[PDB]
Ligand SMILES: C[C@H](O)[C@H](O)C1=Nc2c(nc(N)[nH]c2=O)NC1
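One chain comes next, on its own, written as structure tokens: the form deposited without the named molecule.
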């Protein structure tokens, strides 16, 4: 049997822009159970993350006044985010067209899936939800270097799309925004949103001998496959957000064409030039 998925169920009776896929955050659809699920997730992650998340992430939660006890009101958070870095968040139904996603980032708008997983799905949801998108991704938007990296990434979508290279950018996003690590004198820390919202990938990614921790290298990353339904086999480690921003400022066009004819690395491979940490 085919049954409707969670995105379809949650969005019953609601609409989205056929173009930019933005809707007003539907506050009246959050049930008491939803605010409780949020509070449970928020509490779980805030217990787990000290000494694991990078300091900028934890300070962003506080500076943005991300609610501990209910799903946040996006308008309220936006007042703080706008004053910090001129960003805002926009509600979307769930996954959106790539060109829309890029155009949002290019214009300093971060798309956030509005709805929340059900309490039976507390431990893990495959689809992004509001907890993953808001709690995992938004705190670092108050950091001006990281926010400029996202805007720059957004602006690159047009060139990538024109050259059939969106998957090569998607790999860079996955291995930075979603699953990145950042080294510090106090030890390795986490900045990827997919780790920061996870029940236990923050533990594996720092504590396990199993994954590879490889120094960031733009061409390697854009030539590396990833999988979405398993802990990462490789994490890429930056030294600073200023590195994402700088390492990723050259013209990507000749890089895409060189990659377009290469065979990519598997998700668990170690490449001959990898600085392995």
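Residue numbers count along the first chain shown, from 1.
Not pictured, yet referred to below: the form deposited with the named molecule bound.
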{"item": "In the deposited complex, the residue from 73, 123, 207, 98 that sits within 4.5 Å of the named molecule by heavy atoms", "value": "98"}
{"item": "The named molecule: the contacting residue among 145, 106, 77, 170 in the deposited complex [heavy atom, 4.5 Å]", "value": "170"}
{"item": "Whether 136, 211 and 235 all lie within 4.5 angstroms of the named molecule in the deposited complex by heavy atom", "value": "no"}
{"item": "Options 189-197, 80-88, 115-123, 172-180; stretch whose heavy atom lies within 4.5 Å of the named molecule in the deposited complex", "value": "172-180"}
{"item": "Proximity of residue 141 to the named molecule in the deposited complex, heavy atoms at 4.5 Å", "value": "no"}
{"item": "Partner proximity in the deposited complex: residue 92 to the named molecule, non-hydrogen atom cutoff 4.5 Å", "value": "yes"}
{"item": "Sequence-ordered residues of 225-241 touching the named molecule in the deposited complex, heavy atom within 4.5 Å", "value": "none"}
